[PDB]
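*Asks:* Provided hereafter are the protein sequence and its experimental coordinates.
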Amino acid sequence: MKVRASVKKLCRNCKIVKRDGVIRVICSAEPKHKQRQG
Amino acid sequence: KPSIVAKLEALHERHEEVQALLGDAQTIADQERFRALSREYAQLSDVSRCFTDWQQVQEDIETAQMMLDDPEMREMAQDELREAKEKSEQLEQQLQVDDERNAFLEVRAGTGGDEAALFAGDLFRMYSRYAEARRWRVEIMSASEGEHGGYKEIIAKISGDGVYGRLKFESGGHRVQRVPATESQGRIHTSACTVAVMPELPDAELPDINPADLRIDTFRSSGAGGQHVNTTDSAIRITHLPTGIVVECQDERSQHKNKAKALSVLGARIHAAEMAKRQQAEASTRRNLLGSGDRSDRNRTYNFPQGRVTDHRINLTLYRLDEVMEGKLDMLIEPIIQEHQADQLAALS
Amino acid sequence: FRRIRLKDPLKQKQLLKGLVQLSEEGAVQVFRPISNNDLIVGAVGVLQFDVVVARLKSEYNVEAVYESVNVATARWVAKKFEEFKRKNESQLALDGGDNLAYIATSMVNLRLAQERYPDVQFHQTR
Amino acid sequence: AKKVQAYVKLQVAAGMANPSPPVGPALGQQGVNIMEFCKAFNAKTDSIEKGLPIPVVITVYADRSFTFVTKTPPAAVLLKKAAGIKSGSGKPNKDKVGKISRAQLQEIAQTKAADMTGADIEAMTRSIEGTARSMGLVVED
Amino acid sequence: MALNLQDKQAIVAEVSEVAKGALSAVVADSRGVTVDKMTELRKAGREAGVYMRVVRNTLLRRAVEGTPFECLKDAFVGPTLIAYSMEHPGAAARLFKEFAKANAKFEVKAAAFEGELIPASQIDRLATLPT
RNA sequence: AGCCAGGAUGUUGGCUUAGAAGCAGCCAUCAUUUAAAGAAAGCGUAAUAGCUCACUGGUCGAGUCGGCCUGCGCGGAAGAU
Ligand SMILES: [Mg+2]
Ligand SMILES: [Mg+2]
Ligand SMILES: [Mg+2]
Ligand SMILES: [Zn+2]
């Protein structure tokens, strides 16, 4: 999990979701890509 | 092939055994060993191929000499012609090999005194003539005169393209036996001169003051300064993390001045700690290369009464001294390079 | 295979005595190369190398730390043998039974050592 | 059809079996024997030439028995002796190393038309001069 | 993708072939292989040459648009992928039946021996070709 | 958008290096059958092998895809009685 002020899609499998008012990135391929904005 | 023949035969045997080693699938399991064998195989292969061809030509030469009732002359003549041609080809193909940078030549007198100076002058003249008949550049850096003759010690810097690869073997001690110029009688005298050849190297300084690897402590000063000095952090101490030098300052009232002065002193110390290390390394290398002039630890000998130059590393004697002293010492260098390269190929255990 | 050497090299005689006796006992064979006289103990498994130092310290008074000489598969052997012996000398050693053995480097580097000769090179002594 | 099971599709110049590192370890970890290629791989090449590089496949079944089939040499080495130069380019755009005319491209086509697909011999030559273009050969008129 | 322009080209080139052609078949080879397909076309073309218009453009309104002249009842091939194959020289040529040997040759899928219907044929094999 | 299938033929590319075979880097980047297929966008080997993607054929049945000008909101945002 990367906590940063600038979250982007890295691979083609990353997705942008909003969960309880917080933006975060999840992809099914590489668990190195999941991020949250903070 | 005086002596290199045995080494090349052993080299061929090594080529055969690595042929065997690269077909087992067990030495293939580990990859460092397989990589090393594959790397070393190529020079083994081509040199061994040439050596086997020369061996076959030689065993052809041996045959047909003990035969009569036929004009053996022309075919053996062409056989020895192609034999010599193949030998020259192998020499030129395996002698060479990198390091081709310019060189520093320092030659100084040893045993003998006022006559070792004269021989040092003669030896330097030889080397300078060799450099000149190569379109190289020679300039003198340091010189100490030898009273009666040439130089007690002369340090020059020879500049070209491939100087070191040829002049690296001229280091050690050189012995001369002759009737000197500083002699009232007709006695023959022995003396020696020490030669050091080193490569020229870059000395790129780095400002090892990276502000990311410093520990800076600020605290109160110690001494007489009244009320101001008590409630103020005006004293600095800087620690260099890798090197370990710690320098501190309380000279001035301002913190910034203390930091500047202490940082400058730290830089000076870290620079001196590098100069005073490379200097000792270079001094040790020059001491271990230079030998010690004692007319008993020498790499080659010159004899003017017999007009003979001999090399003790490879036991090579030639009666062309008068040619060598004029700067034709390329015939004293080629065998050394060839045999050293053969040795370097051998040292692959 | 491993190489054995002690901490006070002034106690070589006791090392030889202990090694020959413990070689009489079980299966710890001893080799001394034709050159540079450095002992090599060849056991059947690893724990022998432990118990040998354990006894050599407990009963005798030598320490004898180990080395890691590379070798595998020693093989025992008129003028027919003599000529090979003088030809290939750096790889021949004496046992503790004063026999002769050919210390190779690897089995692949041993076949070429027997492909060139009419020598039986049987190993298991008589 | 049998796909890649335990084999590799390569081999060195076929004139001699030469159990050298370029060919030895290539089948080293697959087992089999290396010298026995001589009676199976050098007799066939004794027809054509010695030392020319041609490709084969070393299809091996798990029985440790090797079955192999040859084919025409690659155009990379076939456009060397006909081109008259052993070596090749590597800066083809800036400078060229050799010359070649449309006279001899088709003459090597049938020697390679056994499996090289194409509509006709002439169209097969377009691919030949396409590979020749990047090899630094100059088209000669 | 093709815009509205070369869709005409996929028709204009194609329409001229059913006019001068003969008994033609189709094949639903959803899993063919290009090395197999290299032999399929080039063996059948080897007899005369590039006379195969064996293209694969069988959309319900991209191959049917070439039908309204001839093979009218063959227009019912609109469903899943197929492949036309025409012959100008040789009426009722092997092109229907040389797929049958291809069927045994790792092409079990061959659209169930239908072909076109000029003589109003059926789902059956016509292997006749007199010599 | 999903879902089935193909994703190839002469580069074991000279150049380079022990091997660089689509994929370390240096140069070009044509051509065959194509319905499409890069002289290769990514993964994976010592090198191969192997897995995806570019592109295309089929199913389903109609809306879908990014930008520009603008109003208000979200994150970025941690202190001591
Ligand atoms: Mg005061
Ligand atoms: Mg005693
Ligand atoms: Mg805000
Ligand atoms: Zn991702």
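*Replies:* Everything's here; your move. Numbers count the residues shown, from 1 in each chain, chains lettered A, B, ... in the order given. Ligands and ions are numbered 1, 2, ... in the order given.

*Asks:* Does residue D:127 belong to a helix, a strand or coil?
*Replies:* Reducing the assignment at residue D:127 to three states with DSSP: H, G, I helix; E, B strand; the rest coil gives helix.

*Asks:* From chain D, how far out is residue C:33?
*Replies:* According to C-beta to the nearest C-beta, to the nearest Å, residue C:33 and chain D sit 32 Å apart. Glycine gets a C-beta too; all of them are placed from N, C-alpha and C.

*Asks:* which ones are touching that residue?
*Replies:* Neighbour list for residue C:33: C:40, C:90, C:92-93, C:103 [criterion: C-beta atoms under 8 Å, 6 or more residues apart in numbering or on different chains].

*Asks:* How many residues are close by residue B:92?
*Replies:* Neighbourhood size, residue B:92 [other C-beta atoms under 10 Å in any protein chain shown]: 11.

*Asks:* For burial, what's the neighbour tally of the nearest residue to residue B:172 once chain neighbours are set aside?
*Replies:* Using C-beta to C-beta, 6 or more residues apart in numbering or on different chains and skipping residues adjacent in sequence, the residue nearest residue B:172 is residue B:299, 3.8 Å away. For residue B:299, the tally of surrounding residues (other C-beta under 10 Å) stands at 17.

*Asks:* Which positions in the helix ranked longest in chain E come out as buried?
*Replies:* In chain E, taking DSSP state H as the definition, the longest helix is helix E:6-20. Neighbour counts over helix E:6-20 (16 or more other C-beta atoms under 10 Å in any protein chain shown) mark E:7, E:10, E:14, E:17-18 as buried.

*Asks:* Which members of the contacts of residue C:33 are positioned in strands?
*Replies:* C:40, C:92-93 (DSSP state E).

*Asks:* Reformat those residues as a markdown table; add distance to residue E:65.
*Replies:* Conversion of the ones in strands among the contacts of residue C:33 to a markdown table gives the following (distance: C-beta to C-beta, whole Å):
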| residue | distance to residue E:65 |
| --- | --- |
| C:40 | 90 |
| C:92 | 92 |
| C:93 | 92 |
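
*Asks:* The closest residue to residue C:121 other than its chain neighbours bridge partners, please.
*Replies:* Excluding the flanking residues, the one nearest residue C:121 by C-beta to C-beta, 6+ apart is residue C:75, at 4.6 Å. Beta bridges link residue C:75 to residue C:102 when assigned by DSSP bridges.

*Asks:* Sketch out the helices for the stretch 201-349 of chain B, chain order is fine.
*Replies:* Listed in chain order, the helices of the stretch 201-349 of chain B (DSSP state H, counting those that start in this stretch) span B:226-230, B:255-290, B:321-324, B:334-346.

*Asks:* Distance to residue C:6 and mean neighbour count added to these, as CSV?
*Replies:* Output for the helices of the stretch 201-349 of chain B, formatted as CSV (distance: least, C-beta to C-beta, whole Å; neighbours: other C-beta atoms under 10 Å in any protein chain shown):
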stretch, distance to residue C:6, mean neighbour count
helix B:226-230, 66, 10
helix B:255-290, 33, 14
helix B:321-324, 54, 15
helix B:334-346, 34, 16
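
*Asks:* Any idea how many residues pack against whichever residue of chain A sits closest to chain B?
*Replies:* For chain A, the residue positioned closest to chain B under C-beta to the nearest C-beta is residue A:4, at a distance of 22.4 Å. Neighbour count for residue A:4, taken as other C-beta under 10 Å: 10.

*Asks:* Got phi/psi on the closest residue to it other than its chain neighbours?
*Replies:* If the residues on either side of it in the chain are set aside, residue A:4 comes closest to residue A:35, at 6.5 Å by C-beta to C-beta, 6+ apart. The phi/psi pair for residue A:35 (degrees, to the nearest 10) reads phi -140, psi 160.

*Asks:* picking that back up, closest to RNA strand F among the buried residues of helix E:6-20?
*Replies:* Lowest distance from RNA strand F to the buried residues of helix E:6-20 (C-beta to the nearest atom of the strand) belongs to residue E:10, with 8.4 Å.

*Asks:* contacting residues for that closest one?
*Replies:* Residue E:10 sits in contact with E:2, E:55, E:57, E:62, where contact means C-beta under 8 Å, 6+ apart.

*Asks:* between those residues, which is nearest residue C:79?
*Replies:* Among the contacts of residue E:10, residue E:55 lies closest to residue C:79 (C-beta to C-beta), at 86.4 Å.

*Asks:* Where does that closest one sit, in terms of helix or strand?
*Replies:* Under the criterion DSSP states H and E, no helix or strand holds residue E:55.

*Asks:* Counting neighbours, what do you get for it?
*Replies:* The tally of other residues near residue E:55 (other C-beta under 10 Å) stands at 15.

*Asks:* quick one, what contacts it?
*Replies:* Residues near residue E:55 by C-beta under 8 Å, 6+ apart: E:10, E:14, E:83-84.

*Asks:* change it to 10 Å
*Replies:* When contacts are counted by C-beta atoms under 10 Å, 6 or more residues apart in numbering or on different chains, residue E:55 touches E:10, E:13-14, E:17, E:63, E:83-86.

*Asks:* Equivalent analysis for residue B:244, please.
*Replies:* residue B:273.

*Asks:* The residue nearest to residue B:266 when sequence neighbours are not counted pairs with what?
*Replies:* Sequence neighbours aside, residue B:247 is the residue nearest to residue B:266 in space, at 4.8 Å (criterion: C-beta to C-beta, 6+ apart). Taking DSSP bridges, one obtains residue B:238 as the residues bridged to residue B:247.

*Asks:* wait, doesn't residue B:247 sit right on residue B:215?
*Replies:* No - between residue B:247 and residue B:215 there is no contact under C-beta atoms under 10 Å: 11.6 Å.

*Asks:* which neighbours do these two share?
*Replies:* Joint contacts of residue B:247 and residue B:215 (C-beta under 10 Å, 6+ apart) are B:237-240.

*Asks:* contacting residues around residue C:79?
*Replies:* Shown in contact with residue C:79 (C-beta under 10 Å, 6+ apart): residue C:85.

*Asks:* Tell me what the residue positioned nearest the centre of chain C is bridged to.
*Replies:* Centroid-nearest residue in chain C, with C-alpha atoms, centre = their mean: residue C:31, separated by 2.1 Å. Counting by DSSP bridges, residue C:31 is bridged to residue C:40.

*Asks:* any idea how far ligand 4 is from it?
*Replies:* Going from residue C:31 to ligand 4 by C-beta to the ion, to the nearest Å gives 62 Å.

*Asks:* which residues touch the residue nearest to residue B:172?
*Replies:* If a contact means C-beta under 10 Å, 6+ apart, then residue B:299 has B:169-175, B:195, B:291, B:311-313, B:336 as its contacts.

*Asks:* Just want the residue of chain B that's nearest ligand 4.
*Replies:* In chain B, the residue that lies nearest ligand 4 is residue B:212 (32.2 Å; C-beta to the ion).

*Asks:* Contacts only, for whatever residue of chain D ends up closest to ligand 4.
*Replies:* Distances between chain D and ligand 4 by C-beta to the ion are smallest at residue D:4, namely 32.0 Å. By C-beta under 10 Å, 6+ apart, residue D:4 lies in contact with D:57, D:59.

*Asks:* and it, that's in a strand?
*Replies:* No - Residue D:4: not assigned to a strand; according to three-state DSSP it is coil.

*Asks:* picking that back up, so of the contacts of residue E:10, which two are at opposite extremes in space?
*Replies:* Spanning the widest gap among the contacts of residue E:10 are E:2 and E:55, at 12.9 Å by C-beta to C-beta.

*Asks:* Good, wrapping up.
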